[PDB]
């Protein structure tokens, strides 16, 4: 049997291109002791993938040249030589951009396909949803009546974070690019407001939408948006950093917030987080998220594209403002 794989072929300059990955056919091996064999079903396409491709020290090591490209996914266990897993289990884990995963199930967890559609375990019930959940609630610590601003608000992380914030009794303001995204946030997801930074001045938008200042800023994008938001934070504000998408494909230098001293003036906190640090708390987080979904208090959208072979092109859609909801690749 054949395992098709996308390997990292060369480190990209700027946007990844058609020579960035190599499409290779490898013979399917057998799991050794302490390993599992998984048939990959759905793969998570995430902006963080851009960082994983860069040769740069990070919270996880870069993908090696010639290595199968890193990807979170959901799949079915076909063979297990590991006491934690059995054949027929569905699992979430770093399955890789390939047909089959063989290896140690490090950081893998079982998911129940009877309780939600499989791709949803890559979104609201996956790492994007748990990022929103733990980043907002544990680091942002929003309180009833506070004003919460969310960047990349139409994205998988931000769209969930804003809905959670609404449920906690917050005033919720999204920042997103384009009229359709902003409409969707307000009319479908129940955001109190949405600022279209591409068609409207952000500062003016913030003035209108956040009259009492910004108590929590959930940042997925960084850059100029972060810097502008910093001018409007309230006393004892919390800024949670989950990513910086506006920096991923940028040529050769991160852009730093010139207004960072607002943290001094407002005696505010800026803090980074990574969802894997919360692994031990996933069961309670997933359980609560599942009930919010079941009760219709929270909504999740997945954009499902078919075919492993489409990976390089489909990946670009992530940086086009194109994808509508959490991008998932059906293998």
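Numbering follows the first chain given and starts at 1.
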So which stretch wins on mean C-alpha B-factor, 229 to 237 or 121 to 129? 229 to 237
For the stretches 86 to 94 and 243 to 251, which has the higher mean C-alpha B-factor as given in the deposited record? 243 to 251
Would you mind checking which of 174, 145, 105, 75 has the top Cα temperature factor in the PDB entry? 145
101, 109, 191, 218, ranked by C-alpha B-factor: the highest one: 191
Using the B-factors in the PDB entry, rank residue 222's C-alpha atom against the chain and give the third, lowest, middle or highest. middle
Residue 139 - Cα temperature factor, lowest/middle/highest third of chain: lowest
Going by the CA temperature factor in the PDB record, which third of the chain does residue 150 belong to: lowest, middle or highest? middle
Third assignment of residue 293 from its chain's C-alpha B-factors: middle
Ordered by C-alpha B-factor within the chain, which third holds residue 302? Give me lowest, middle or highest, please. middle
